[PDB]
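I have placed the structure first, in the form of structure tokens, so that the comments after it can refer back to it.
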Amino acid sequence: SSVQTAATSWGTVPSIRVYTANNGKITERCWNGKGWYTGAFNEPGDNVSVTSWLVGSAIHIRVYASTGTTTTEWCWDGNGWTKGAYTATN
Amino acid sequence: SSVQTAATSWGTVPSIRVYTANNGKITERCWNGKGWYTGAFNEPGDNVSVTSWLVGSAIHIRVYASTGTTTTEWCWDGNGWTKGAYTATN
Amino acid sequence: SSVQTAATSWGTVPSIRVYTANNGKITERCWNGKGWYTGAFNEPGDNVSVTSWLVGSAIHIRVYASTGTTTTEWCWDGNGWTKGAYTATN
Ligand SMILES: OC[C@@]1(O)OC[C@@H](O)[C@@H](O)[C@@H]1O
Ligand SMILES: OC[C@@]1(O)OC[C@@H](O)[C@@H](O)[C@@H]1O
Ligand SMILES: OC[C@@]1(O)OC[C@@H](O)[C@@H](O)[C@@H]1O
């Protein structure tokens, strides 16, 4: 029942995103330099990891959400969260 | 009872920090290019994530320590660990 | 029994590595811009974290694999995975 988190950051301000898996739901809190706020990410899962990279000033984020033995990748590329092509055999 | 870790690194040497949550306590091991040693970070929690960024040559670290459903952010900005402004409703 | 993941990425394409701890075994899935494939990393553990850094164009990866209270570091420096010098007292 205890929460599990993952975190990523970019830039120098910086921007931070913290993902929390709690009771089967993953949610997102965001910092862009002045106050924490709730992000758009809402996906099911009991376990989360994240990585991100910049292309110029454009951030790209990949969140790996797992339920049971099944991992789904979620992608932020500037215009909403979409399901990514990641697969694994678990 | 099994330990859970989080890791971050910066630079090219590199510097590495590995955080271990074990039996409700989070501790830190450090590498700055020649030998592992114990860091100053000691905070309670059963779950840990971390992110870091450089501003010039100055490292900034954020550790997200969770106990139950409560997440506390700890901040390294060059002069000791301090509690950060992160909040979430879990 | 549920899987736990860790992820790292580098570059702008980017390269991504996702490590999955499942039933005591850690495995690796890789993206280098066009298709996911299975990486060379295979090590025991119930918990995984990862960090990576570039020296020029050369990637270096450290995977922290934990079983029980024992953490082993695995190193990629361009020519196969090797056990690293990390130790901790847990
Ligand atoms: O500014 C917040 C936001 O747009 O940042 C990018 C992603 O983290 C989104 O989920 C999030 O809502
Ligand atoms: O050189 C070690 C150290 O000062 O590095 C910065 C932080 O990781 C501290 O907790 C740690 O003790
Ligand atoms: O191209 C894939 C690969 O060589 O990339 C570097 C490491 O992630 C290896 O485990 C992996 O097999």
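How things are named: the first chain in the structure tokens is A, the next is B, and so on; residues count from 1 in each chain; ligands count from 1 in the order shown.
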
Exercise for the section: Find the residues near ligand 2. Use a cut-off of 7 Å, count only C-alpha atoms and all ligand atoms, and write them as a list in words. Expected result: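 What falls inside 7 Å of ligand 2 is residues 17, 28, 30, 38, 39, 40, 41 and 76 of chain B.
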
Go ahead and write the selection's residues with C-alpha atoms as a CSV table (one decimal), in the first residue's frame.
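Saved as again03.csv:
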```
chain,number,residue,atom,x,y,z
B,17,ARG,CA,25.3,8.9,-5.3
B,28,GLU,CA,23.8,7.4,1.0
B,30,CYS,CA,29.2,8.4,-2.7
B,38,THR,CA,29.4,7.3,3.2
B,39,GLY,CA,27.5,10.6,2.5
B,40,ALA,CA,25.8,13.0,4.9
B,41,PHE,CA,22.3,12.0,3.8
B,76,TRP,CA,21.2,19.5,-1.4
```

Write out as a JSON list (two decimals) with N, CA, C and O atoms, in the first residue's frame all residues of chain B that backbone DSSP assigns to strand (DSSP E).
```
[["chain", "number", "residue", "atom", "x", "y", "z"],
["B", 4, "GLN", "N", 15.85, -1.18, -1.22],
["B", 4, "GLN", "CA", 15.48, -0.54, -2.48],
["B", 4, "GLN", "C", 16.45, 0.61, -2.68],
["B", 4, "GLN", "O", 16.77, 1.33, -1.73],
["B", 5, "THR", "N", 16.97, 0.78, -3.90],
["B", 5, "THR", "CA", 17.94, 1.83, -4.16],
["B", 5, "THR", "C", 17.47, 2.82, -5.21],
["B", 5, "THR", "O", 16.58, 2.55, -6.02],
["B", 6, "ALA", "N", 18.12, 3.98, -5.20],
["B", 6, "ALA", "CA", 18.03, 4.98, -6.25],
["B", 6, "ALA", "C", 19.42, 5.53, -6.48],
["B", 6, "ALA", "O", 20.24, 5.56, -5.57],
["B", 7, "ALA", "N", 19.69, 5.99, -7.71],
["B", 7, "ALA", "CA", 21.03, 6.44, -8.07],
["B", 7, "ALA", "C", 20.96, 7.67, -8.96],
["B", 7, "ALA", "O", 20.06, 7.80, -9.79],
["B", 8, "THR", "N", 21.96, 8.54, -8.80],
["B", 8, "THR", "CA", 22.11, 9.69, -9.68],
["B", 8, "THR", "C", 23.60, 9.89, -9.90],
["B", 8, "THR", "O", 24.44, 9.40, -9.13],
["B", 9, "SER", "N", 23.94, 10.62, -10.96],
["B", 9, "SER", "CA", 25.33, 10.89, -11.26],
["B", 9, "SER", "C", 25.43, 12.21, -12.01],
["B", 9, "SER", "O", 24.46, 12.66, -12.62],
["B", 10, "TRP", "N", 26.62, 12.81, -11.97],
["B", 10, "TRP", "CA", 26.85, 14.05, -12.69],
["B", 10, "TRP", "C", 28.31, 14.13, -13.12],
["B", 10, "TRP", "O", 29.19, 13.48, -12.55],
["B", 15, "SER", "N", 30.75, 11.90, -10.60],
["B", 15, "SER", "CA", 30.26, 11.74, -9.23],
["B", 15, "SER", "C", 29.00, 10.88, -9.28],
["B", 15, "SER", "O", 28.15, 11.07, -10.15],
["B", 16, "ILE", "N", 28.91, 9.92, -8.35],
["B", 16, "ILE", "CA", 27.73, 9.06, -8.22],
["B", 16, "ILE", "C", 27.24, 9.12, -6.79],
["B", 16, "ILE", "O", 28.03, 9.15, -5.84],
["B", 17, "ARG", "N", 25.92, 9.11, -6.62],
["B", 17, "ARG", "CA", 25.31, 8.94, -5.30],
["B", 17, "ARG", "C", 24.27, 7.84, -5.40],
["B", 17, "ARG", "O", 23.43, 7.84, -6.31],
["B", 18, "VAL", "N", 24.35, 6.88, -4.48],
["B", 18, "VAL", "CA", 23.43, 5.76, -4.41],
["B", 18, "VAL", "C", 22.74, 5.82, -3.06],
["B", 18, "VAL", "O", 23.40, 5.80, -2.01],
["B", 19, "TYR", "N", 21.41, 5.91, -3.09],
["B", 19, "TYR", "CA", 20.59, 5.98, -1.88],
["B", 19, "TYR", "C", 19.95, 4.63, -1.65],
["B", 19, "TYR", "O", 19.43, 4.02, -2.59],
["B", 20, "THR", "N", 19.99, 4.16, -0.41],
["B", 20, "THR", "CA", 19.43, 2.86, -0.05],
["B", 20, "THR", "C", 18.40, 3.04, 1.04],
["B", 20, "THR", "O", 18.70, 3.61, 2.10],
["B", 21, "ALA", "N", 17.18, 2.56, 0.79],
["B", 21, "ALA", "CA", 16.13, 2.49, 1.79],
["B", 21, "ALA", "C", 16.14, 1.09, 2.36],
["B", 21, "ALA", "O", 15.97, 0.11, 1.61],
["B", 22, "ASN", "N", 16.35, 0.98, 3.66],
["B", 22, "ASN", "CA", 16.51, -0.31, 4.33],
["B", 22, "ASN", "C", 15.91, -0.19, 5.72],
["B", 22, "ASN", "O", 16.39, 0.61, 6.54],
["B", 25, "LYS", "N", 15.02, 3.34, 6.93],
["B", 25, "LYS", "CA", 16.07, 4.36, 6.95],
["B", 25, "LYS", "C", 16.71, 4.47, 5.58],
["B", 25, "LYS", "O", 17.02, 3.46, 4.94],
["B", 26, "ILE", "N", 16.93, 5.70, 5.13],
["B", 26, "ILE", "CA", 17.59, 5.96, 3.85],
["B", 26, "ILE", "C", 18.98, 6.52, 4.13],
["B", 26, "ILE", "O", 19.12, 7.49, 4.88],
["B", 27, "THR", "N", 19.99, 5.91, 3.53],
["B", 27, "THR", "CA", 21.38, 6.32, 3.66],
["B", 27, "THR", "C", 21.99, 6.45, 2.26],
["B", 27, "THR", "O", 21.39, 6.08, 1.25],
["B", 28, "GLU", "N", 23.21, 7.00, 2.22],
["B", 28, "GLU", "CA", 23.82, 7.45, 0.98],
["B", 28, "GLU", "C", 25.27, 6.98, 0.89],
["B", 28, "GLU", "O", 26.03, 7.11, 1.86],
["B", 29, "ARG", "N", 25.65, 6.43, -0.26],
["B", 29, "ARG", "CA", 27.03, 6.11, -0.56],
["B", 29, "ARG", "C", 27.46, 6.93, -1.77],
["B", 29, "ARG", "O", 26.67, 7.14, -2.69],
["B", 30, "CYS", "N", 28.70, 7.39, -1.75],
["B", 30, "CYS", "CA", 29.19, 8.39, -2.68],
["B", 30, "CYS", "C", 30.46, 7.92, -3.37],
["B", 30, "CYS", "O", 31.33, 7.31, -2.73],
["B", 31, "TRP", "N", 30.59, 8.26, -4.65],
["B", 31, "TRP", "CA", 31.80, 8.05, -5.44],
["B", 31, "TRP", "C", 32.13, 9.37, -6.11],
["B", 31, "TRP", "O", 31.27, 9.96, -6.78],
["B", 36, "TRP", "N", 34.57, 4.56, -2.68],
["B", 36, "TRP", "CA", 33.24, 4.80, -2.16],
["B", 36, "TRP", "C", 33.33, 5.21, -0.69],
["B", 36, "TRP", "O", 34.17, 4.70, 0.06],
["B", 37, "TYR", "N", 32.45, 6.12, -0.29],
["B", 37, "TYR", "CA", 32.41, 6.61, 1.08],
["B", 37, "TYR", "C", 30.98, 6.97, 1.44],
["B", 37, "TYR", "O", 30.11, 7.11, 0.57],
["B", 38, "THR", "N", 30.73, 7.11, 2.74],
["B", 38, "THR", "CA", 29.37, 7.34, 3.22],
["B", 38, "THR", "C", 29.06, 8.83, 3.23],
["B", 38, "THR", "O", 29.82, 9.64, 3.75],
["B", 39, "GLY", "N", 27.93, 9.19, 2.62],
["B", 39, "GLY", "CA", 27.53, 10.57, 2.53],
["B", 39, "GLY", "C", 26.77, 11.05, 3.75],
["B", 39, "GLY", "O", 26.41, 10.28, 4.64],
["B", 40, "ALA", "N", 26.49, 12.35, 3.75],
["B", 40, "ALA", "CA", 25.82, 12.99, 4.88],
["B", 40, "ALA", "C", 24.33, 12.70, 4.94],
["B", 40, "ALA", "O", 23.72, 12.93, 5.99],
["B", 41, "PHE", "N", 23.72, 12.21, 3.86],
["B", 41, "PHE", "CA", 22.27, 12.04, 3.83],
["B", 41, "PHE", "C", 21.83, 10.91, 4.76],
["B", 41, "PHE", "O", 22.25, 9.76, 4.59],
["B", 42, "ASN", "N", 20.97, 11.23, 5.73],
["B", 42, "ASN", "CA", 20.33, 10.25, 6.61],
["B", 42, "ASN", "C", 18.92, 10.75, 6.88],
["B", 42, "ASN", "O", 18.75, 11.75, 7.59],
["B", 43, "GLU", "N", 17.91, 10.08, 6.32],
["B", 43, "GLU", "CA", 16.52, 10.48, 6.51],
["B", 43, "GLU", "C", 15.65, 9.23, 6.54],
["B", 43, "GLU", "O", 15.99, 8.22, 5.90],
["B", 44, "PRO", "N", 14.54, 9.25, 7.26],
["B", 44, "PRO", "CA", 13.67, 8.08, 7.31],
["B", 44, "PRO", "C", 12.88, 7.90, 6.02],
["B", 44, "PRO", "O", 12.53, 8.86, 5.33],
["B", 47, "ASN", "N", 11.04, 4.14, 0.87],
["B", 47, "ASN", "CA", 11.12, 4.23, -0.58],
["B", 47, "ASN", "C", 11.83, 5.51, -0.93],
["B", 47, "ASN", "O", 11.65, 6.53, -0.26],
["B", 48, "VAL", "N", 12.67, 5.46, -1.97],
["B", 48, "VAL", "CA", 13.49, 6.61, -2.35],
["B", 48, "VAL", "C", 13.58, 6.74, -3.87],
["B", 48, "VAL", "O", 13.72, 5.75, -4.59],
["B", 49, "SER", "N", 13.51, 7.98, -4.35],
["B", 49, "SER", "CA", 13.90, 8.30, -5.71],
["B", 49, "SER", "C", 14.75, 9.56, -5.63],
["B", 49, "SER", "O", 14.78, 10.23, -4.60],
["B", 50, "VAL", "N", 15.48, 9.85, -6.71],
["B", 50, "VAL", "CA", 16.42, 10.97, -6.71],
["B", 50, "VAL", "C", 16.54, 11.53, -8.11],
["B", 50, "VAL", "O", 16.40, 10.82, -9.11],
["B", 51, "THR", "N", 16.80, 12.84, -8.18],
["B", 51, "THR", "CA", 17.21, 13.49, -9.42],
["B", 51, "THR", "C", 18.21, 14.57, -9.06],
["B", 51, "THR", "O", 18.29, 15.02, -7.92],
["B", 52, "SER", "N", 19.01, 14.98, -10.05],
["B", 52, "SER", "CA", 20.01, 16.01, -9.80],
["B", 52, "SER", "C", 20.28, 16.79, -11.08],
["B", 52, "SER", "O", 20.01, 16.32, -12.18],
["B", 53, "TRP", "N", 20.83, 17.99, -10.90],
["B", 53, "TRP", "CA", 21.19, 18.83, -12.03],
["B", 53, "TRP", "C", 22.35, 19.73, -11.65],
["B", 53, "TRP", "O", 22.54, 20.06, -10.47],
["B", 54, "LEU", "N", 23.12, 20.15, -12.65],
["B", 54, "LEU", "CA", 24.23, 21.07, -12.47],
["B", 54, "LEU", "C", 23.82, 22.47, -12.89],
["B", 54, "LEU", "O", 23.12, 22.66, -13.89],
["B", 55, "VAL", "N", 24.24, 23.45, -12.10],
["B", 55, "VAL", "CA", 24.22, 24.85, -12.51],
["B", 55, "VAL", "C", 25.69, 25.27, -12.55],
["B", 55, "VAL", "O", 26.32, 25.48, -11.51],
["B", 58, "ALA", "N", 28.08, 23.59, -9.96],
["B", 58, "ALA", "CA", 27.42, 23.38, -8.68],
["B", 58, "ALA", "C", 26.30, 22.35, -8.81],
["B", 58, "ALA", "O", 25.37, 22.53, -9.61],
["B", 59, "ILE", "N", 26.39, 21.27, -8.04],
["B", 59, "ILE", "CA", 25.39, 20.21, -8.09],
["B", 59, "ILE", "C", 24.22, 20.53, -7.17],
["B", 59, "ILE", "O", 24.38, 21.08, -6.07],
["B", 60, "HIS", "N", 23.02, 20.19, -7.63],
["B", 60, "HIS", "CA", 21.81, 20.29, -6.84],
["B", 60, "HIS", "C", 21.14, 18.94, -6.90],
["B", 60, "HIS", "O", 21.00, 18.37, -7.99],
["B", 61, "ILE", "N", 20.74, 18.42, -5.74],
["B", 61, "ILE", "CA", 20.15, 17.09, -5.63],
["B", 61, "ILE", "C", 18.81, 17.20, -4.92],
["B", 61, "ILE", "O", 18.67, 17.97, -3.97],
["B", 62, "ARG", "N", 17.83, 16.43, -5.39],
["B", 62, "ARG", "CA", 16.54, 16.29, -4.72],
["B", 62, "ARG", "C", 16.29, 14.81, -4.49],
["B", 62, "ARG", "O", 16.31, 14.02, -5.44],
["B", 63, "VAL", "N", 16.09, 14.44, -3.24],
["B", 63, "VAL", "CA", 15.78, 13.07, -2.86],
["B", 63, "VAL", "C", 14.34, 13.05, -2.38],
["B", 63, "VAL", "O", 13.96, 13.86, -1.52],
["B", 64, "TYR", "N", 13.54, 12.15, -2.93],
["B", 64, "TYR", "CA", 12.13, 12.00, -2.55],
["B", 64, "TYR", "C", 12.02, 10.76, -1.68],
["B", 64, "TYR", "O", 12.15, 9.63, -2.17],
["B", 65, "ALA", "N", 11.83, 10.98, -0.38],
["B", 65, "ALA", "CA", 11.76, 9.92, 0.61],
["B", 65, "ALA", "C", 10.30, 9.71, 1.00],
["B", 65, "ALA", "O", 9.62, 10.67, 1.38],
["B", 66, "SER", "N", 9.83, 8.47, 0.93],
["B", 66, "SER", "CA", 8.44, 8.19, 1.24],
["B", 66, "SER", "C", 8.35, 7.18, 2.37],
["B", 66, "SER", "O", 9.11, 6.20, 2.41],
["B", 67, "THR", "N", 7.41, 7.44, 3.29],
["B", 67, "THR", "CA", 7.02, 6.53, 4.35],
["B", 67, "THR", "C", 5.51, 6.39, 4.25],
["B", 67, "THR", "O", 4.80, 7.40, 4.21],
["B", 70, "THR", "N", 3.30, 9.14, 2.49],
["B", 70, "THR", "CA", 3.78, 10.51, 2.67],
["B", 70, "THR", "C", 5.18, 10.67, 2.09],
["B", 70, "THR", "O", 6.11, 9.96, 2.50],
["B", 71, "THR", "N", 5.34, 11.61, 1.16],
["B", 71, "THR", "CA", 6.62, 11.85, 0.49],
["B", 71, "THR", "C", 7.20, 13.18, 0.97],
["B", 71, "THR", "O", 6.52, 14.21, 0.92],
["B", 72, "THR", "N", 8.45, 13.14, 1.40],
["B", 72, "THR", "CA", 9.19, 14.34, 1.79],
["B", 72, "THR", "C", 10.36, 14.54, 0.84],
["B", 72, "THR", "O", 11.10, 13.59, 0.55],
["B", 73, "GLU", "N", 10.54, 15.77, 0.37],
["B", 73, "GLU", "CA", 11.65, 16.13, -0.49],
["B", 73, "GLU", "C", 12.80, 16.67, 0.35],
["B", 73, "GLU", "O", 12.58, 17.50, 1.24],
["B", 74, "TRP", "N", 14.00, 16.20, 0.07],
["B", 74, "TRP", "CA", 15.22, 16.67, 0.71],
["B", 74, "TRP", "C", 16.12, 17.27, -0.36],
["B", 74, "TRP", "O", 16.24, 16.73, -1.46],
["B", 75, "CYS", "N", 16.74, 18.40, -0.03],
["B", 75, "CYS", "CA", 17.44, 19.22, -1.01],
["B", 75, "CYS", "C", 18.90, 19.38, -0.62],
["B", 75, "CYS", "O", 19.20, 19.74, 0.52],
["B", 76, "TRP", "N", 19.79, 19.13, -1.57],
["B", 76, "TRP", "CA", 21.20, 19.48, -1.44],
["B", 76, "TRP", "C", 21.47, 20.59, -2.45],
["B", 76, "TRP", "O", 21.27, 20.40, -3.65],
["B", 81, "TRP", "N", 21.76, 19.33, 3.80],
["B", 81, "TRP", "CA", 20.45, 18.85, 3.37],
["B", 81, "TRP", "C", 19.35, 19.61, 4.10],
["B", 81, "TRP", "O", 19.40, 19.75, 5.33],
["B", 82, "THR", "N", 18.35, 20.06, 3.35],
["B", 82, "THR", "CA", 17.23, 20.81, 3.90],
["B", 82, "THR", "C", 15.93, 20.25, 3.34],
["B", 82, "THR", "O", 15.91, 19.65, 2.27],
["B", 83, "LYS", "N", 14.84, 20.45, 4.07],
["B", 83, "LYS", "CA", 13.55, 19.95, 3.61],
["B", 83, "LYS", "C", 13.01, 20.88, 2.53],
["B", 83, "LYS", "O", 13.04, 22.11, 2.67]]
```

Practice task
Determine the nearest neighbour of chain B from the options C:79, C:69, C:89, C:23, counting only C-alpha atoms.
Solution key: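 For chain B, the nearest of the candidates is C:69.
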
Exercise for the section: Could you jot down the CA of residue 12 in chain A to CA of residue 14 in chain B separation for me, Å, one decimal place? Expected result: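 Computing the Euclidean distance for CA of residue 12 in chain A and CA of residue 14 in chain B yields 18.8 Å.
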